[PDB]
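We begin with a single chain expressed as structure tokens, specifically the form deposited in one PDB entry.
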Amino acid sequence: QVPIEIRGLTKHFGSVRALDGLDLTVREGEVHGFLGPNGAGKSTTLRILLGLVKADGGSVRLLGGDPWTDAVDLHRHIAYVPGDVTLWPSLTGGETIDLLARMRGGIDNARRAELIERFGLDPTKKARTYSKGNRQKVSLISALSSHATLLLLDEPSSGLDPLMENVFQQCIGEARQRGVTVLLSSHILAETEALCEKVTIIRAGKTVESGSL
């Protein structure tokens, strides 16, 4: 009943202190904001959660298991939207969606067509011809249309015009209805107010303030 619970995390990248005692707690059904300045530790934490980086201390309990040792049984319920989206230049836009969603929980054909219709993507075009805004709709549609009880979105609306970033807000608001925990790491302080409550702010690896809005 607690998807994320981090206590005293720490991580050194050599001579750089990326994290110095971060505290975070999500409560199974809330859209948790994750704010912070540039160079604070907002991805590094997401990469520690997914098991791509080894923590130097503290305790992490993602969905009830270690993110590093149980990094397979837990990833059948997690959808990840990278900060900088990179795709395969030879695969079509409509094949990347199915390929990515077929390694996570599994795609939902009822929602895939609906999301392609309401985002206005073109699913028959090589992925090296996408204009940085349709390159993000691929990740967004592949993540929103899946069986996942936790979304680790990382700056999800980078490169979206003022109407698609309202369609995305509506989609998140509708996805949260059917009990889907969300962790939203963003810089635009206009979508966090509309979506998120109980925000947490980090400055230099340490949480400075937390709580509801």
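Numbers follow the displayed sequence, beginning with 1. Only residues modelled in both forms are compared. Heads up, when I say rigid core I mean the largest set of C-alphas that superpose within 1.5 Å between the two forms.
Separately, the form deposited in another entry exists; it is not shown, and the next lines address it.
J.: Which listed residue, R61, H147, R176, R27, is the one whose CA shifts 2 angstroms or more between the shown form and the other one with the rigid core aligned?
T.: With the rigid core superposed, the residue that stands out is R27.
J.: Can we say the CA of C196 moves by at least 2 Å between the shown form and the other one when the core is superposed?
T.: Not so; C196 is displaced by less than 2 Å.
J.: Shorter or longer C-alpha distance for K206 and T25 in the other entry, given it differs from this form by 3 Å or more?
T.: Pair moves closer in the other entry.
J.: Having a change of 3 Å or more in the C-alpha distance between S158 and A18, I'd like to know whether it is closer or farther in the other entry than in the form here.
T.: Note: Cα gap between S158 and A18 widens in the other entry.
J.: Using a 2 Å C-alpha criterion and requiring 3 or more consecutive residues, which regions move between the shown form and the other one after core superposition?
T.: Moving region between the shown form and the other one: 15-28, nothing else.
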